[PDB]
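Listing of work29.tsv; format and content: TSV, C-alpha atoms and all ligand atoms.
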chain	number	residue	atom	x	y	z
U	1	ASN	CA	-20.71	2.08	-2.00
U	2	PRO	CA	-20.82	0.25	1.36
U	3	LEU	CA	-19.09	-2.76	-0.15
U	4	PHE	CA	-15.97	-0.55	-0.08
U	5	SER	CA	-16.21	0.39	3.59
U	6	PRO	CA	-13.32	-1.18	5.51
U	7	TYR	CA	-14.09	-4.08	7.89
U	8	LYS	CA	-12.14	-5.62	10.79
U	9	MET	CA	-12.56	-9.33	10.60
U	10	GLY	CA	-10.84	-10.03	13.90
U	11	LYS	CA	-7.13	-9.59	13.39
U	12	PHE	CA	-7.61	-9.02	9.68
U	13	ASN	CA	-8.13	-5.52	8.37
U	14	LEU	CA	-10.14	-5.86	5.15
U	15	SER	CA	-10.42	-2.96	2.72
U	16	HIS	CA	-13.67	-4.06	1.14
U	17	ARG	CA	-16.42	-6.57	1.66
U	18	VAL	CA	-16.37	-8.57	-1.59
U	19	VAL	CA	-15.23	-12.13	-0.76
U	20	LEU	CA	-14.23	-14.94	-3.12
U	21	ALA	CA	-16.57	-17.81	-2.20
U	22	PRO	CA	-15.01	-21.30	-1.98
U	23	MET	CA	-15.30	-23.09	-5.33
U	24	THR	CA	-14.30	-26.58	-6.39
U	25	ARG	CA	-12.79	-26.33	-9.85
U	26	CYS	CA	-10.97	-29.71	-10.16
U	27	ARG	CA	-7.63	-28.41	-11.52
U	28	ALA	CA	-5.60	-29.81	-8.57
U	29	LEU	CA	-4.42	-32.88	-10.45
U	30	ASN	CA	-3.93	-35.97	-8.21
U	31	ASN	CA	-5.04	-33.83	-5.27
U	32	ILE	CA	-1.86	-31.74	-5.44
U	33	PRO	CA	-2.24	-27.97	-5.78
U	34	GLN	CA	-0.89	-26.99	-9.17
U	35	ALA	CA	0.68	-23.85	-10.62
U	36	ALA	CA	-2.64	-23.10	-12.36
U	37	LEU	CA	-4.28	-22.60	-8.94
U	38	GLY	CA	-1.60	-20.02	-8.17
U	39	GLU	CA	-2.42	-18.06	-11.30
U	40	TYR	CA	-6.18	-18.35	-10.66
U	41	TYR	CA	-6.08	-17.10	-7.06
U	42	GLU	CA	-3.48	-14.42	-7.86
U	43	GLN	CA	-5.79	-13.07	-10.60
U	44	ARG	CA	-8.61	-12.65	-8.11
U	45	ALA	CA	-6.61	-11.38	-5.11
U	46	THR	CA	-6.83	-7.72	-4.20
U	47	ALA	CA	-5.15	-5.61	-1.52
U	48	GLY	CA	-7.14	-6.06	1.64
U	49	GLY	CA	-9.53	-8.54	-0.01
U	50	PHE	CA	-10.57	-11.85	1.51
U	51	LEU	CA	-10.39	-15.12	-0.48
U	52	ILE	CA	-11.57	-18.60	0.55
U	53	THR	CA	-10.15	-21.55	-1.38
U	54	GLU	CA	-11.96	-24.39	-3.02
U	55	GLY	CA	-12.86	-27.18	-0.62
U	56	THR	CA	-9.70	-29.06	0.34
U	57	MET	CA	-9.41	-32.64	1.52
U	58	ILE	CA	-8.63	-33.37	5.16
U	59	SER	CA	-7.85	-37.06	4.65
U	60	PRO	CA	-7.65	-39.74	1.93
U	61	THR	CA	-11.37	-40.59	2.41
U	62	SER	CA	-12.69	-37.04	2.23
U	63	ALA	CA	-13.07	-36.52	-1.57
U	64	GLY	CA	-16.05	-36.86	-3.84
U	65	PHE	CA	-14.86	-34.87	-6.87
U	66	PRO	CA	-11.88	-35.46	-9.15
U	67	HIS	CA	-8.67	-33.49	-8.81
U	68	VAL	CA	-9.57	-31.55	-5.70
U	69	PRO	CA	-6.59	-30.43	-3.57
U	70	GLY	CA	-5.74	-31.93	-0.21
U	71	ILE	CA	-3.90	-30.46	2.73
U	72	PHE	CA	-3.20	-33.68	4.61
U	73	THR	CA	0.28	-34.44	3.15
U	74	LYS	CA	3.48	-32.47	3.42
U	75	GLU	CA	3.76	-32.43	-0.39
U	76	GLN	CA	0.37	-30.70	-0.51
U	77	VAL	CA	1.52	-28.17	2.13
U	78	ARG	CA	4.63	-27.37	0.11
U	79	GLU	CA	2.62	-26.69	-3.03
U	80	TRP	CA	-0.06	-24.66	-1.24
U	81	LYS	CA	2.67	-22.44	0.23
U	82	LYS	CA	3.56	-21.28	-3.29
U	83	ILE	CA	-0.07	-20.29	-3.91
U	84	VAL	CA	-0.48	-18.55	-0.55
U	85	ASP	CA	2.71	-16.59	-1.18
U	86	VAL	CA	1.51	-15.10	-4.47
U	87	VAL	CA	-1.83	-14.12	-2.88
U	88	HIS	CA	-0.14	-12.47	0.07
U	89	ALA	CA	2.15	-10.61	-2.30
U	90	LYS	CA	-0.96	-8.77	-3.44
U	91	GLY	CA	-2.00	-7.98	0.15
U	92	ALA	CA	-4.98	-10.34	0.23
U	93	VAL	CA	-6.12	-12.53	3.14
U	94	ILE	CA	-6.76	-16.19	2.32
U	95	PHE	CA	-8.44	-19.02	4.22
U	96	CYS	CA	-8.37	-22.68	3.21
U	97	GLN	CA	-11.76	-24.43	3.24
U	98	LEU	CA	-11.53	-27.87	4.89
U	99	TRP	CA	-13.93	-30.29	3.21
U	100	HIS	CA	-15.09	-33.84	3.89
U	101	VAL	CA	-17.87	-35.09	1.58
U	102	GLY	CA	-19.02	-38.03	3.73
U	103	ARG	CA	-21.51	-40.13	1.78
U	104	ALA	CA	-21.30	-37.90	-1.31
U	105	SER	CA	-18.55	-39.94	-2.84
U	106	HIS	CA	-17.99	-43.11	-4.88
U	107	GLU	CA	-15.66	-46.08	-4.87
U	108	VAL	CA	-13.60	-44.42	-7.62
U	109	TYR	CA	-12.69	-41.64	-5.13
U	110	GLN	CA	-12.04	-43.87	-2.10
U	111	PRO	CA	-8.84	-45.71	-1.10
U	112	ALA	CA	-9.11	-49.40	-1.94
U	113	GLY	CA	-12.56	-48.61	-3.36
U	114	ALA	CA	-14.03	-48.71	0.17
U	115	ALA	CA	-17.46	-47.36	1.00
U	116	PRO	CA	-17.68	-43.62	1.83
U	117	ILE	CA	-18.33	-42.79	5.49
U	118	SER	CA	-21.32	-41.00	6.96
U	119	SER	CA	-23.61	-40.53	9.93
U	120	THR	CA	-25.97	-43.03	8.29
U	121	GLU	CA	-25.90	-46.21	6.17
U	122	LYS	CA	-28.44	-44.77	3.74
U	123	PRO	CA	-27.28	-43.61	0.28
U	124	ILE	CA	-28.09	-40.32	-1.36
U	125	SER	CA	-31.02	-41.27	-3.56
U	126	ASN	CA	-30.85	-41.56	-7.35
U	127	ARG	CA	-32.46	-38.12	-7.58
U	128	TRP	CA	-28.79	-36.96	-7.51
U	129	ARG	CA	-25.78	-38.20	-9.50
U	130	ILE	CA	-22.02	-37.85	-8.82
U	131	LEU	CA	-19.56	-36.41	-11.34
U	132	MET	CA	-17.13	-39.24	-12.28
U	133	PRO	CA	-13.46	-38.62	-13.32
U	134	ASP	CA	-14.37	-39.32	-16.97
U	135	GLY	CA	-17.05	-36.63	-17.04
U	136	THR	CA	-20.01	-39.01	-16.82
U	137	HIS	CA	-22.49	-39.11	-13.94
U	138	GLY	CA	-22.48	-42.00	-11.53
U	139	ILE	CA	-24.63	-43.45	-8.79
U	140	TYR	CA	-23.92	-42.63	-5.16
U	141	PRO	CA	-23.26	-45.85	-3.20
U	142	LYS	CA	-24.33	-46.96	0.23
U	143	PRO	CA	-22.08	-45.34	2.86
U	144	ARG	CA	-20.83	-46.90	6.08
U	145	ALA	CA	-22.17	-45.35	9.29
U	146	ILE	CA	-19.24	-44.60	11.57
U	147	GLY	CA	-18.91	-45.18	15.31
U	148	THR	CA	-17.98	-42.50	17.80
U	149	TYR	CA	-14.29	-43.41	17.92
U	150	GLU	CA	-14.20	-42.97	14.13
U	151	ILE	CA	-16.03	-39.62	14.53
U	152	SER	CA	-13.29	-38.52	16.92
U	153	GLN	CA	-10.65	-39.48	14.37
U	154	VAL	CA	-12.36	-37.43	11.68
U	155	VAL	CA	-12.24	-34.55	14.14
U	156	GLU	CA	-8.51	-35.12	14.47
U	157	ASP	CA	-8.22	-35.01	10.68
U	158	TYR	CA	-9.74	-31.53	10.71
U	159	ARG	CA	-7.32	-30.53	13.49
U	160	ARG	CA	-4.27	-31.82	11.64
U	161	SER	CA	-5.36	-30.20	8.38
U	162	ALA	CA	-5.91	-26.86	10.15
U	163	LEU	CA	-2.37	-27.01	11.50
U	164	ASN	CA	-1.14	-27.91	8.00
U	165	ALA	CA	-2.95	-24.90	6.57
U	166	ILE	CA	-1.21	-22.58	9.02
U	167	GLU	CA	2.10	-24.30	8.09
U	168	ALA	CA	1.46	-23.42	4.42
U	169	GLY	CA	0.94	-19.84	5.46
U	170	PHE	CA	-2.83	-19.56	5.20
U	171	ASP	CA	-4.38	-16.89	7.36
U	172	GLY	CA	-6.99	-19.31	8.59
U	173	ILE	CA	-9.39	-22.06	7.67
U	174	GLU	CA	-13.11	-22.40	6.97
U	175	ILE	CA	-15.03	-25.48	8.10
U	176	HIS	CA	-17.28	-26.69	5.24
U	177	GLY	CA	-20.40	-27.64	7.19
U	178	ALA	CA	-22.83	-27.03	4.31
U	179	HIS	CA	-24.44	-28.55	1.21
U	180	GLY	CA	-25.19	-32.11	2.34
U	181	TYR	CA	-21.54	-33.10	2.98
U	182	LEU	CA	-20.26	-34.90	6.09
U	183	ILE	CA	-21.03	-32.29	8.74
U	184	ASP	CA	-24.48	-31.62	7.21
U	185	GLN	CA	-25.14	-35.39	7.23
U	186	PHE	CA	-24.96	-35.13	11.01
U	187	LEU	CA	-26.86	-31.83	11.30
U	188	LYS	CA	-29.88	-32.60	9.10
U	189	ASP	CA	-32.70	-34.70	10.54
U	190	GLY	CA	-33.52	-35.85	7.00
U	191	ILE	CA	-30.16	-37.71	6.96
U	192	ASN	CA	-29.12	-38.39	10.54
U	193	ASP	CA	-30.97	-41.53	11.61
U	194	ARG	CA	-28.57	-42.36	14.46
U	195	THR	CA	-29.82	-43.62	17.83
U	196	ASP	CA	-26.62	-42.88	19.75
U	197	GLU	CA	-25.45	-39.59	21.25
U	198	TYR	CA	-24.83	-38.05	17.83
U	199	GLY	CA	-28.45	-38.49	16.66
U	200	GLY	CA	-31.99	-37.51	17.60
U	201	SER	CA	-32.15	-34.26	19.46
U	202	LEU	CA	-30.83	-30.94	18.13
U	203	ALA	CA	-28.10	-31.06	20.76
U	204	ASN	CA	-27.01	-34.47	19.61
U	205	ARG	CA	-27.10	-33.59	15.90
U	206	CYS	CA	-24.95	-30.47	16.62
U	207	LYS	CA	-22.31	-32.42	18.57
U	208	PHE	CA	-20.20	-33.21	15.50
U	209	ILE	CA	-19.92	-29.63	14.20
U	210	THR	CA	-19.27	-28.38	17.73
U	211	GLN	CA	-16.43	-30.88	18.21
U	212	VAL	CA	-14.90	-30.08	14.80
U	213	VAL	CA	-14.98	-26.33	15.44
U	214	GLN	CA	-13.67	-26.70	19.01
U	215	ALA	CA	-10.76	-28.87	17.78
U	216	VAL	CA	-9.65	-26.37	15.16
U	217	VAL	CA	-10.16	-23.43	17.57
U	218	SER	CA	-7.90	-25.14	20.09
U	219	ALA	CA	-5.27	-25.86	17.44
U	220	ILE	CA	-5.03	-22.51	15.60
U	221	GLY	CA	-7.12	-19.98	17.56
U	222	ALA	CA	-10.73	-18.93	17.07
U	223	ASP	CA	-9.90	-15.78	15.10
U	224	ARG	CA	-8.41	-17.99	12.33
U	225	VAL	CA	-11.54	-20.19	12.03
U	226	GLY	CA	-14.61	-19.51	9.89
U	227	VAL	CA	-17.66	-21.82	9.78
U	228	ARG	CA	-19.92	-22.35	6.75
U	229	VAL	CA	-23.41	-23.88	6.97
U	230	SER	CA	-26.58	-24.01	4.89
U	231	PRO	CA	-29.58	-25.03	7.02
U	232	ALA	CA	-32.09	-24.12	4.33
U	233	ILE	CA	-30.34	-25.81	1.35
U	234	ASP	CA	-31.51	-29.41	0.61
U	235	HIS	CA	-28.64	-30.49	-1.70
U	236	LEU	CA	-27.97	-34.26	-1.82
U	237	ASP	CA	-31.12	-35.14	0.19
U	238	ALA	CA	-30.10	-32.88	3.11
U	239	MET	CA	-33.38	-31.53	4.39
U	240	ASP	CA	-34.21	-30.57	7.98
U	241	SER	CA	-37.76	-30.54	9.36
U	242	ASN	CA	-37.08	-27.10	10.94
U	243	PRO	CA	-34.24	-25.29	9.15
U	244	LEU	CA	-34.44	-22.10	11.21
U	245	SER	CA	-34.35	-24.02	14.49
U	246	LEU	CA	-31.39	-26.07	13.27
U	247	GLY	CA	-29.55	-22.93	12.18
U	248	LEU	CA	-30.22	-21.27	15.53
U	249	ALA	CA	-28.96	-24.33	17.39
U	250	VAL	CA	-25.70	-24.22	15.41
U	251	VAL	CA	-25.37	-20.50	16.10
U	252	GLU	CA	-25.87	-21.05	19.83
U	253	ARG	CA	-23.04	-23.63	19.77
U	254	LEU	CA	-20.73	-21.18	18.04
U	255	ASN	CA	-21.58	-18.44	20.54
U	256	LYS	CA	-20.83	-20.92	23.34
U	257	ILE	CA	-17.45	-21.91	21.82
U	258	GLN	CA	-16.56	-18.21	21.64
U	259	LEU	CA	-17.51	-17.55	25.27
U	260	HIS	CA	-15.60	-20.62	26.45
U	261	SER	CA	-12.48	-19.77	24.40
U	262	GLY	CA	-12.50	-16.05	25.26
U	263	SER	CA	-12.38	-15.13	21.59
U	264	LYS	CA	-14.51	-14.74	18.48
U	265	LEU	CA	-14.40	-16.90	15.39
U	266	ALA	CA	-13.37	-15.15	12.24
U	267	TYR	CA	-16.96	-15.45	10.93
U	268	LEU	CA	-20.11	-17.44	10.29
U	269	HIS	CA	-20.77	-17.93	6.57
U	270	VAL	CA	-24.27	-18.97	5.43
U	271	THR	CA	-25.40	-19.83	1.90
U	272	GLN	CA	-29.03	-19.26	1.09
U	273	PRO	CA	-31.23	-20.91	-1.48
U	274	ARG	CA	-32.79	-18.68	-4.13
U	275	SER	CA	-36.28	-20.15	-4.69
U	276	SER	CA	-39.72	-16.91	-1.48
U	277	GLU	CA	-37.51	-13.82	-1.35
U	278	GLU	CA	-38.90	-12.37	1.86
U	279	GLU	CA	-38.94	-15.70	3.73
U	280	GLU	CA	-35.39	-16.58	2.63
U	281	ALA	CA	-34.18	-13.14	3.62
U	282	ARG	CA	-35.89	-13.37	6.99
U	283	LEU	CA	-34.20	-16.65	7.80
U	284	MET	CA	-30.80	-15.19	6.93
U	285	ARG	CA	-31.37	-12.13	9.07
U	286	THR	CA	-32.54	-14.27	11.99
U	287	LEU	CA	-29.33	-16.33	11.93
U	288	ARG	CA	-27.24	-13.17	11.56
U	289	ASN	CA	-28.96	-11.45	14.48
U	290	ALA	CA	-28.48	-14.57	16.64
U	291	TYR	CA	-24.71	-14.84	16.03
U	292	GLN	CA	-22.21	-12.87	18.14
U	293	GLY	CA	-19.83	-11.98	15.36
U	294	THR	CA	-19.10	-11.41	11.67
U	295	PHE	CA	-21.62	-12.73	9.13
U	296	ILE	CA	-20.85	-13.58	5.49
U	297	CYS	CA	-23.87	-14.11	3.25
U	298	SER	CA	-23.71	-16.06	-0.03
U	299	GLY	CA	-25.91	-17.54	-2.76
U	300	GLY	CA	-27.11	-15.65	-5.80
U	301	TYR	CA	-25.61	-12.28	-4.87
U	302	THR	CA	-25.14	-9.57	-7.45
U	303	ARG	CA	-23.64	-6.13	-7.17
U	304	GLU	CA	-26.97	-4.59	-6.17
U	305	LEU	CA	-27.97	-7.39	-3.79
U	306	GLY	CA	-24.60	-7.25	-2.06
U	307	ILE	CA	-24.78	-3.48	-1.68
U	308	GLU	CA	-28.26	-3.86	-0.16
U	309	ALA	CA	-27.14	-6.62	2.23
U	310	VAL	CA	-24.34	-4.50	3.71
U	311	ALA	CA	-26.26	-1.23	3.69
U	312	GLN	CA	-29.20	-2.82	5.53
U	313	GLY	CA	-27.03	-4.51	8.12
U	314	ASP	CA	-28.05	-7.98	6.88
U	315	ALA	CA	-24.41	-9.05	6.47
U	316	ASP	CA	-20.93	-7.78	7.08
U	317	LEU	CA	-19.30	-9.44	4.06
U	318	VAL	CA	-20.75	-10.82	0.79
U	319	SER	CA	-19.19	-13.79	-0.96
U	320	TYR	CA	-19.52	-14.34	-4.70
U	321	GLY	CA	-18.93	-17.63	-6.49
U	322	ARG	CA	-19.92	-17.83	-10.14
U	323	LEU	CA	-19.35	-14.12	-10.89
U	324	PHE	CA	-15.79	-14.54	-9.61
U	325	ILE	CA	-15.23	-17.48	-11.97
U	326	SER	CA	-15.71	-15.25	-15.00
U	327	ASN	CA	-14.63	-11.85	-13.64
U	328	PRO	CA	-11.18	-12.16	-12.14
U	329	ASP	CA	-11.37	-8.44	-11.38
U	330	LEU	CA	-14.84	-8.70	-9.88
U	331	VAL	CA	-13.87	-6.34	-7.05
U	332	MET	CA	-12.82	-3.57	-9.43
U	333	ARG	CA	-15.85	-4.15	-11.67
U	334	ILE	CA	-18.12	-3.80	-8.64
U	335	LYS	CA	-16.29	-0.64	-7.56
U	336	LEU	CA	-16.63	0.93	-11.02
U	337	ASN	CA	-20.11	-0.54	-11.79
U	338	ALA	CA	-18.55	-1.98	-14.94
U	339	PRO	CA	-20.53	-4.67	-16.81
U	340	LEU	CA	-19.89	-8.21	-15.61
U	341	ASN	CA	-18.96	-11.04	-18.00
U	342	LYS	CA	-20.88	-14.33	-18.18
U	343	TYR	CA	-19.53	-17.63	-16.86
U	344	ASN	CA	-19.40	-20.90	-18.81
U	345	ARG	CA	-20.76	-23.76	-16.69
U	346	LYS	CA	-19.30	-26.37	-19.02
U	347	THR	CA	-15.78	-25.55	-17.74
U	348	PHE	CA	-16.56	-25.28	-14.03
U	349	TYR	CA	-15.16	-28.77	-13.29
U	350	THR	CA	-12.86	-29.62	-16.21
U	351	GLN	CA	-9.10	-30.26	-15.78
U	352	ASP	CA	-7.64	-27.77	-18.24
U	353	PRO	CA	-5.21	-25.43	-16.44
U	354	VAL	CA	-6.20	-22.46	-18.61
U	355	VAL	CA	-9.49	-22.90	-20.47
U	356	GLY	CA	-12.46	-21.61	-18.44
U	357	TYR	CA	-10.08	-21.15	-15.51
U	358	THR	CA	-7.49	-18.43	-16.03
U	359	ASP	CA	-8.47	-17.18	-19.49
U	360	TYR	CA	-11.45	-15.01	-18.54
U	361	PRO	CA	-10.19	-11.50	-19.31
U	362	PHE	CA	-9.77	-8.49	-17.10
U	363	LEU	CA	-11.48	-5.23	-17.98
U	364	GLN	CA	-9.91	-3.74	-21.11
R	401	LIG	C1	-18.33	-24.52	-9.56
R	401	LIG	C2	-18.70	-24.28	-8.10
R	401	LIG	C3	-18.00	-24.95	-7.14
R	401	LIG	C4	-18.33	-24.73	-5.81
R	401	LIG	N1	-17.60	-25.41	-4.83
R	401	LIG	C5	-17.83	-25.17	-3.51
R	401	LIG	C6	-16.96	-25.63	-2.50
R	401	LIG	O1	-15.91	-26.26	-2.76
R	401	LIG	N2	-17.26	-25.33	-1.18
R	401	LIG	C7	-18.40	-24.67	-0.83
R	401	LIG	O2	-18.62	-24.42	0.37
R	401	LIG	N3	-19.23	-24.17	-1.80
R	401	LIG	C8	-18.90	-24.35	-3.12
R	401	LIG	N4	-19.71	-23.78	-4.10
R	401	LIG	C9	-20.78	-22.85	-3.64
R	401	LIG	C10	-20.20	-21.44	-3.63
R	401	LIG	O3	-19.24	-21.24	-2.59
R	401	LIG	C11	-21.17	-20.29	-3.40
R	401	LIG	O4	-21.92	-20.55	-2.21
R	401	LIG	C12	-22.16	-20.06	-4.50
R	401	LIG	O5	-21.43	-20.16	-5.76
R	401	LIG	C13	-22.66	-18.63	-4.23
R	401	LIG	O6	-23.61	-18.33	-5.21
R	401	LIG	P1	-23.19	-17.48	-6.51
R	401	LIG	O7	-22.46	-18.40	-7.43
R	401	LIG	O8	-24.55	-17.05	-7.09
R	401	LIG	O9	-22.33	-16.35	-6.02
R	401	LIG	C14	-19.41	-23.94	-5.42
R	401	LIG	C15	-20.10	-23.29	-6.40
R	401	LIG	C16	-19.76	-23.47	-7.74
R	401	LIG	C17	-20.61	-22.82	-8.81
Step by step, read the file and then write its structure as structure tokens.
Amino acid sequence: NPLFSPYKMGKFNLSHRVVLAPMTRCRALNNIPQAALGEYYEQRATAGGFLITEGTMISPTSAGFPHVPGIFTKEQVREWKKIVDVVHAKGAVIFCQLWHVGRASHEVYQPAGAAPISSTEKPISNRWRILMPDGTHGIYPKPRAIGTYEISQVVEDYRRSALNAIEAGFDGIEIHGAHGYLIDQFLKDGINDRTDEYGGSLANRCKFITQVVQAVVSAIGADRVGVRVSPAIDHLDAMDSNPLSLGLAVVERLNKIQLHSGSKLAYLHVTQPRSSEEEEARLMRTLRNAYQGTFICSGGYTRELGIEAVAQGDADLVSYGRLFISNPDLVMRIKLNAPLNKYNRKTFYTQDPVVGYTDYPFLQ
């Protein structure tokens, strides 16, 4: 089974290639990591396995879901340290995903009920609805398009949060540049309507992600930085007119950061849509072949599809989301080819510290 062939992810020696994909679960009450998160990540940690946390706020304006953790306060750092320690006690490697939602937010999630920030002043359309703290679905509001000074201060929020993650003991961080959130609002030509130096051309639309990645690389070192993007996912009205070209332009920026810094990033992590199969696969392989480094694929993977991806050279690591929700021992089940247990979508985003969170059983 090639998923169990060791892999060197820079300074990290992994024993297997099954990765816990980053998943928002909304148990971090009041944005503070809770003991429940410790039990949840400990259940899924394995010796030499790689875990990526749920998306974590970089600032008070960065949230668009209830009860997501932050890493911008020293109280948050203290509580994350307790979670990182239990994961490292099992010999796992763990990165914190740094997440800013941009326009995918609501007044209820913003300080003083201010407008969310974005590349644009246009709202996500009413084709999409935001999950509200009471469990209802709300309307995304009009965001405020930020100036370039404000862009630079968001970059400094990523930098500070990366340093905070290292302070809590994380092995590294992942930049969430996917799924229609703030970075993708700059990347995608279906969203970025700017006429300044952060809009228009591919080079301009890639400036924000390049500056975010360079800032964290300078602060913590490239080998502790992963980058996640999704050029071919249109979530929250985030379409590009040429997804492959956009992906390749991002990849060229990452290769350039590596050459300038004299080091490689920990990885590039791409999530694919599952609409089709041959075209989606070809786009993934084209991005992988363009990138000078480690490639993590994600989106709809199963045991068999992950085996195929590694065996065919299409990816170095395979991340799993929903199967890891319901199979805390997913790694062992994959190793043994044991049947996998279903997940219950109704408890993906609830606040209960146990139910649908830590009460999915291990193999008998
Ligand atoms: C409940 C849930 C929450 C998720 N939250 C995040 C997140 O915080 N950050 C992110 O980059 N992707 C997030 N994702 C996407 C997953 O990381 C992953 O790409 C997707 O689940 C992979 O597909 P799979 O579930 O078929 O394995 C989330 C997915 C789910 C189902």
Would you tabulate, counting only C-alpha atoms and all ligand atoms, all residues of chain U that have an atom at most 8 Å from an atom of ligand LIG 401 (chain R), showing the closest pair of atoms and their distance in Å to one decimal, sorted by chain then ascending number, as CSV?
residue,atom,partner,partner_atom,distance
U:21,CA,R:LIG401,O3,4.4
U:22,CA,R:LIG401,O3,4.3
U:23,CA,R:LIG401,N1,3.3
U:24,CA,R:LIG401,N1,3.8
U:25,CA,R:LIG401,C1,5.8
U:53,CA,R:LIG401,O1,7.6
U:54,CA,R:LIG401,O1,4.4
U:55,CA,R:LIG401,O1,3.8
U:56,CA,R:LIG401,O1,7.5
U:97,CA,R:LIG401,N2,7.1
U:99,CA,R:LIG401,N2,7.4
U:176,CA,R:LIG401,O2,5.5
U:177,CA,R:LIG401,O2,7.7
U:178,CA,R:LIG401,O2,6.3
U:179,CA,R:LIG401,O2,7.2
U:228,CA,R:LIG401,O2,6.8
U:271,CA,R:LIG401,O4,5.4
U:272,CA,R:LIG401,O4,7.9
U:298,CA,R:LIG401,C13,5.0
U:299,CA,R:LIG401,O6,3.5
U:300,CA,R:LIG401,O8,3.2
U:301,CA,R:LIG401,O9,5.4
U:302,CA,R:LIG401,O9,7.5
U:319,CA,R:LIG401,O9,6.5
U:320,CA,R:LIG401,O9,3.7
U:321,CA,R:LIG401,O5,3.6
U:322,CA,R:LIG401,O7,3.8
U:323,CA,R:LIG401,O9,6.1
U:324,CA,R:LIG401,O9,7.7
U:345,CA,R:LIG401,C1,7.6
U:348,CA,R:LIG401,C1,4.9
U:349,CA,R:LIG401,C1,6.5
TODO: Counting only C-alpha atoms, figure out which residue out of U:318, U:183, U:244, U:114 gets nearest to residue 51 in chain U.
DONE: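 The answer is U:318, which sits nearest to residue 51 in chain U.
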Task: Nearest-residue call for residue 361 in chain U, choices U:72, U:40, U:267, U:12, using all atoms listed in the file - done: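 Using all atoms listed in the file, residue 361 in chain U sits closest to U:40.
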TODO: Please identify all polymer residues within 6 Å of residue 158 in chain U, counting only C-alpha atoms, omitting same-chain residues fewer than 3 positions from it, and present them as JSON, numbers by chain.
DONE: {"U": [58, 155, 161]}
Task: Separation of CA of residue 33 in chain U from CA of residue 173 in chain U, in Å and rounded to one decimal - done: 16.3 Å
TODO: Would you list the contacts of residue 246 in chain U as a PyMOL selection string, taking every protein, DNA or RNA residue within 7 Å and counting all atoms listed in the file, but skipping same-chain residues closer than 3 positions in sequence?
DONE: chain U and resi 202+231+242-243+249-250
Give me a file of those residues, with C-alpha atoms, as an mmCIF file, in the coordinates of the input.
data_model
loop_
_atom_site.group_PDB
_atom_site.id
_atom_site.type_symbol
_atom_site.label_atom_id
_atom_site.label_comp_id
_atom_site.auth_asym_id
_atom_site.auth_seq_id
_atom_site.Cartn_x
_atom_site.Cartn_y
_atom_site.Cartn_z
ATOM 1 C CA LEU U 202 -30.830 -30.940 18.130
ATOM 2 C CA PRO U 231 -29.580 -25.030 7.020
ATOM 3 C CA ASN U 242 -37.080 -27.100 10.940
ATOM 4 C CA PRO U 243 -34.240 -25.290 9.150
ATOM 5 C CA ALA U 249 -28.960 -24.330 17.390
ATOM 6 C CA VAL U 250 -25.700 -24.220 15.410
#
Task: Shortest interatomic distance to residue 297 in chain U - which of U:263, U:187, U:207, U:20, counting all atoms listed in the file - done: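 Selected residue with least distance to residue 297 in chain U: U:20.
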Open item on the list: So, with only C-alpha atoms as the atoms that count, which of U:180, U:189, U:34, U:314 lies closest to residue 282 in chain U?
Closed with: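 Closest to residue 282 in chain U, using only C-alpha atoms: U:314.
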Open item on the list: For a test of reading the model, state the distance in Å between CA of residue 115 in chain U and CA of residue 185 in chain U, rounded to one decimal.
Closed with: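 Computing the Euclidean distance for CA of residue 115 in chain U and CA of residue 185 in chain U yields 15.5 Å.
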Task: Between CA of residue 347 in chain U and CA of residue 43 in chain U, distance in Å (one decimal) - done: 17.5 Å
Tell me, counting only C-alpha atoms, for each residue of range 312-347 of chain U within 10 Å of range 285-289 of chain U, which pair of atoms is nearest and how far apart they are in Å to one decimal, in rows ordered by chain and increasing number, as JSON lines.
{"residue": "U:313", "atom": "CA", "partner": "U:285", "partner_atom": "CA", "distance": 8.8}
{"residue": "U:314", "atom": "CA", "partner": "U:285", "partner_atom": "CA", "distance": 5.7}
{"residue": "U:315", "atom": "CA", "partner": "U:288", "partner_atom": "CA", "distance": 7.1}
{"residue": "U:316", "atom": "CA", "partner": "U:288", "partner_atom": "CA", "distance": 9.4}
Task: Pick from U:239, U:331, U:284, U:217 nearest to residue 254 in chain U, counting only C-alpha atoms - done: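 When distances to residue 254 in chain U are compared using only C-alpha atoms, the smallest one comes from U:217.
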Task: Answer as a ChimeraX atom specification, residues within 9 Å of (-27.4, -14.1, 24.2) using only C-alpha atoms - done: /U:252,255,290-292
Task: Among the residues U:44, U:106, U:74, U:253, the one that comes closest to residue 90 in chain U [using only C-alpha atoms] - done: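 Closest residue, counting only C-alpha atoms: U:44.
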Open item on the list: When you look at residue 363 in chain U with a cut-off of 9 Å (counting only C-alpha atoms), what residues show up, excluding the ones that are within fewer than 4 positions of it in the same chain? I need them as a list in words.
Closed with: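 So, after excluding close chain neighbours, the residues are residues 327, 329, 332, 333 and 338 of chain U.
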Task: Spatial neighbours of range 143-150 of chain U, max dist 9 Å, all atoms listed in the file, sep filter under 4 positions, as a ChimeraX atom specification - done: /U:102-105,115-124,154-155,194,196-198
- [ ] Extract, using all atoms listed in the file, all DNA, RNA and protein residues at most 9 Å from residue 326 in chain U, discarding same-chain residues fewer than 2 positions from it, and format them as a PyMOL selection string.
- [x] chain U and resi 322-324+328-330+340-344+356-361
